[PDB]
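Next up: just one chain, as structure tokens, the form deposited in one PDB entry.
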């Protein structure tokens, strides 16, 4: 059984993507649900689990079957507990792009998430670990990270810091190896 992964804080998307691309044997993505209709080249159970009834998915959301659920363009989307479990049971760490609220939900489902928060040391440090954004965007990312830590600190398996994304990525990989015992 492989513990699912939730990385949070600035650069988490880049970390998620890189783990998936670098170690395809170790990490995988689970299959999400949506109520939107299936399109060409899409396969039920691979791209999405396609739900025929919006009423069904709402009931399931209310029954706590989803660790993360939302809507876009008139349709429902979500990441089910069972989909994560299916990845974990195949021996792969499920890389989850989800909010910190999904951590307590995975714990309550006894899936043992490894929740890693990437903490910016300062506004200055955000522009060190993310080279794609402006100072005022970094300010907004910094305020978000501050609020996330204030709220979710108890949920974190570990907090990582660094002066570059490369260093942070290195620490992230090390945390996952250590917590995979």
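Numbering follows the first chain given and starts at 1. By rigid core we mean the largest C-alpha set that fits within 1.5 Å across both forms.
Chemist: Which has higher Cα B-factors on average according to the PDB entry: 122-130 or 24-32?
Modeler: The entry gives the higher C-alpha B-factor average to 122-130.
Chemist: In the PDB record, does 133-141 or 150-158 carry the higher mean Cα temperature factor?
Modeler: The recorded data point to 133-141.
Chemist: Taking the C-alpha B-factors as the PDB entry records them, is residue 74 in the lowest, middle or highest third of its chain?
Modeler: Ranked within chain, residue 74 CA B lands in the middle tercile.
Chemist: Taking only the Cα B-factors deposited for this chain, tell me whether residue 44 sits in the lowest, middle or highest third.
Modeler: Ranked within chain, residue 44 CA B lands in the middle tercile.
Chemist: Using only modelled residues of the chain, where does the Cα B factor of residue 112 rank: lowest third, middle third or highest third?
Modeler: CA B-factor rank for residue 112: lowest third.
Chemist: Quick one: classify residue 16 as lowest, middle or highest third of the chain based on its Cα B-factor.
Modeler: Ranked within chain, residue 16 CA B lands in the lowest tercile.
Chemist: Report the third (lowest, middle or highest) to which the CA temperature factor of residue 61 belongs, ranking only the modelled residues of the same chain.
Modeler: Middle third, going by the recorded CA B-factors of the chain.
Heads up, the form deposited in another entry isn't pictured, but that's what we're talking about next.
Chemist: Once the rigid core is superposed, exactly one of 151, 124, 55, 143 has its CA displaced by 2 Å or more between the shown form and the other one; which residue is that?
Modeler: So the residue whose C-alpha moves 2 Å or more is 55.
Chemist: Tell me whether residue 39 is among the residues that move between the shown form and the other one (Cα shift of 2 angstroms or more, core superposed).
Modeler: After core superposition, the displacement of the residue 39 C-alpha between the shown form and the other one reaches the 2 Å mark, so yes.
Chemist: Core-aligned, does residue 73 move its Cα 2 Å or more between the shown form and the other one?
Modeler: Yes; residue 73 is a residue whose C-alpha shifts (by 2 Å or more) between the shown form and the other one when the cores are overlaid.
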